[PDB]
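K.L.:
below is the structure, and that's it, no one-letter string:
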Ligand SMILES: [Cl-]
Ligand SMILES: [Cl-]
């Protein structure tokens, strides 16, 4: 669960310190239909950000996307994600030698 | 200018080779690049890139003229209809080159910004 | 590289001991064309095997497949894999509280 | 026998619910199951399963009658044309049920083995 997320994060980023951040914005519907494609957008204001990655640690492929960027480009990513079940969207930004994390739950109906 | 084009064209070839390997590339209308037609001298230019190439797993963005040509690279699981936004400062007029990797093949589109 | 593989393996299996094993068979062509789909088959004779998983640690999704099985069913998996560049196929079997690993390189041309 | 069928049918429903959630399921000819028509009493039966349902990411195999119905579960990245082989001992005649998950939908096929 948490171990898996951390393992996934580590493979992307190595062993860098992680801390929660509100300087990462995640937009997704609060609740979603089983099987529906759902719009998800992620962004960050962290000046030195050189990567923003999206994890869905409950899924077979825990990393959904990875956006490498030069610093100061305020990257945003938008995609459509199929919602199987109530899950957490976990977003991580690297800026320098620090990792920043934000988490958002999407509830799924049946 | 011609020689400056020749220079940045060679730099771009190397970078695409450095990123994807020495793979053949084709031009595509299935890559969407939005940016201002014109922009302010030395300011931030909003850029948006998407693609409708089926099993697209990478979108890489190149700015040939600049010291490091590859400005961004987006890896994704296929069929998530990705759109990637970024802002980039631009000291002068230049082409934005997008290469998308899908299947075992590279797809390219280019858009100019005047400045 | 190695850290990534181990991180990927850990997310699947947890922190179990891993050891190389020749009781895992991997069939793939020695050399492959850039971009080609290539037949790959994996199997194991390890009696207590309850999982066989296939990793491609160089790729964006390091885990390609995972076959959960009851013990004594001698699982085999066969699939078609797109070969981008010279890479290692890494296969791991869980049997009891032990992890078993076998590695095979597929060279790619250009 | 009817009641024994009713029993194992209920067990199967629960297991598919336990594995995939309470999702609707349809029957499919796009699932290929190979096994002997007949087999020896209490011996190993070779089984092969594949599917051609496009974005198939899981193949799960159920043996309803037995104490634990779900016998195997195959997670895979899509479009790798997976075929999964296993041998299973069978004490008596029984149905093999395969459920494939693709997109946000479940697909089912069944094959009988006499023994
Ligand atoms: Cl929605
Ligand atoms: Cl081959």
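P.N.:
Structure received. Residues are numbered from 1 along each chain as shown, chains lettered A, B, ... in the order given. Ligands and ions are numbered 1, 2, ... in the order given.

K.L.:
which residue does chain A have closest to ligand 2?
P.N.:
Distance from ligand 2 to each residue of chain A (CB to the ion) is smallest for residue A:61, at 25.2 Å. All C-beta spots, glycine's among them, are computed from the backbone N, C-alpha and C.

K.L.:
and the gap between that residue and chain D?
P.N.:
When distances are taken as CB to the nearest CB, to the nearest Å, residue A:61 and chain D turn out to be 7 Å apart.

K.L.:
which residue is the nearest non-sequential neighbour of that residue?
P.N.:
In space, residue A:61 comes closest to residue C:61 once its chain neighbours are excluded; the distance is 4.9 Å by CB to CB, 6 or more residues apart in numbering or on different chains.

K.L.:
surely the one you found is in contact with residue A:63?
P.N.:
Yes: applying CB atoms under 8 Å as the test, residue C:61 and residue A:63 come out as touching, 7.3 Å apart.

K.L.:
identify the bridge partners of the residue sitting nearest the centre point of chain A.
P.N.:
Centre of chain A computed as the mean C-alpha position; nearest residue by CA atoms, centre = their mean is residue A:91, 2.2 Å away. Beta-bridge partners of residue A:91, counted by DSSP bridges, are residue A:54, residue A:102.

K.L.:
was I right to think it contacts residue A:42?
P.N.:
Yes: applying CB under 8 Å as the test, residue A:91 and residue A:42 come out as touching, 5.0 Å apart.

K.L.:
which residue ranges of chain A form helices?
P.N.:
Residue ranges of the helices in chain A, as given by DSSP state H, are A:2-13.

K.L.:
near chain C, which residues of it? Just list them.
P.N.:
Residues of chain A that fall close to chain C, judged by CB under 8 Å from any CB of the partner chain: A:3, A:4, A:7, A:8, A:10, A:11, A:14, A:60, A:61, A:62, A:63, A:66.

K.L.:
go again using 6 Å as the cut-off
P.N.:
By the rule CB under 6 Å from any CB of the partner chain, the part of chain A lying against chain C is A:4, A:7, A:8, A:10, A:11, A:61.

K.L.:
from chain B, how far out is the closest residue to ligand 1 within chain A?
P.N.:
Using CB to the ion, the single residue of chain A nearest to ligand 1 is residue A:29, 3.6 Å away. Relative to chain B, residue A:29 is positioned 16 Å away (CB to the nearest CB).

K.L.:
who touches whichever residue of chain A sits closest to chain D in this structure?
P.N.:
For chain A and chain D, the shortest gap (CB to the nearest CB) falls at residue A:35, measuring 1.8 Å. Counting by CB atoms under 6 Å, 6 or more residues apart in numbering or on different chains, residue A:35 makes contact with residue D:104.

K.L.:
ok, now residue A:104?
P.N.:
Applying CB under 6 Å, 6+ apart, one finds that residue A:104 lies in contact with A:26, A:28, A:89.

K.L.:
so residue A:43 versus residue A:24, what's the distance?
P.N.:
In this view, residue A:43 and residue A:24 are 7 Å apart by CB to CB, to the nearest Å.

K.L.:
do me a favour and get the end-to-end distance for stretch A:60-79?
P.N.:
Stretch A:60-79 stretches 18 Å from its first residue to its last (CA to CA, to the nearest Å).

K.L.:
near ligand 1, anything from it?
P.N.:
No: applying CB under 5 Å from the ion, one finds stretch A:60-79 separated from ligand 1 by no less than 12.7 Å.

K.L.:
any idea how far stretch A:63-79 is from the chain center?
P.N.:
Averaging C-alpha positions (CA atoms, centre = their mean, to the nearest Å) puts stretch A:63-79 10 Å from its chain's average.

K.L.:
then stretch A:13-30?
P.N.:
Here stretch A:13-30 is found 6 Å from its chain centre; the criterion is CA atoms, centre = their mean.

K.L.:
which outside residues touch it?
P.N.:
A:38, A:40-46, A:89, A:91, A:93-94, A:97-102, A:104, A:106.

K.L.:
can you tell me the closest non-neighbouring residue to residue A:12?
P.N.:
Counting by CB to CB, 6+ apart, residue A:53 is the residue found nearest to residue A:12 once chain neighbours are left out, at 5.6 Å.

K.L.:
quick one: contacts for that neighbour?
P.N.:
Taking CB under 6 Å, 6+ apart as the criterion, residue A:53 is in contact with A:12, A:66, A:92.

K.L.:
wondering if stretch A:80-89 reaches chain B at all.
P.N.:
Yes: taking CB under 6 Å from any CB as the criterion, stretch A:80-89 and chain B are in contact, through residue A:80.

K.L.:
end-to-end on that stretch?
P.N.:
For stretch A:80-89, the separation between the terminal residues is 13 Å (CA to CA).

K.L.:
do that stretch and ligand 1 meet at all?
P.N.:
No: remark: stretch A:80-89 sits outside contact range of ligand 1, by CB under 5 Å from the ion, the gap being at least 8.7 Å.

K.L.:
quick one: buried residues of that stretch?
P.N.:
Residues of stretch A:80-89 classed as buried by neighbour count (16 or more other CB atoms under 10 Å in any protein chain shown): A:81, A:82, A:83, A:84, A:85, A:87, A:89.

K.L.:
likewise stretch A:35-54?
P.N.:
Using 16+ other CB under 10 Å as the burial criterion, the residues of stretch A:35-54 that qualify are A:35, A:37-38, A:40, A:42-44, A:46, A:49-54.

K.L.:
swap in stretch A:98-109?
P.N.:
Along stretch A:98-109, the positions that meet the burial threshold by neighbour count (16+ other CB under 10 Å) are A:99, A:100, A:101, A:102, A:104, A:106, A:108.

K.L.:
next one: stretch A:56-63
P.N.:
Applying a neighbour-count criterion of 16+ other CB under 10 Å, one finds A:56, A:57, A:59, A:61, A:62, A:63 buried in stretch A:56-63.

K.L.:
give me the contact list for that stretch.
P.N.:
A:4, A:5, A:8, A:55, A:64, A:87, A:90, B:77, C:61, D:75.

K.L.:
pick out the most distant pair among these.
P.N.:
Farthest apart among these by CB to CB are A:90 and D:75. That separation is 19.7 Å.
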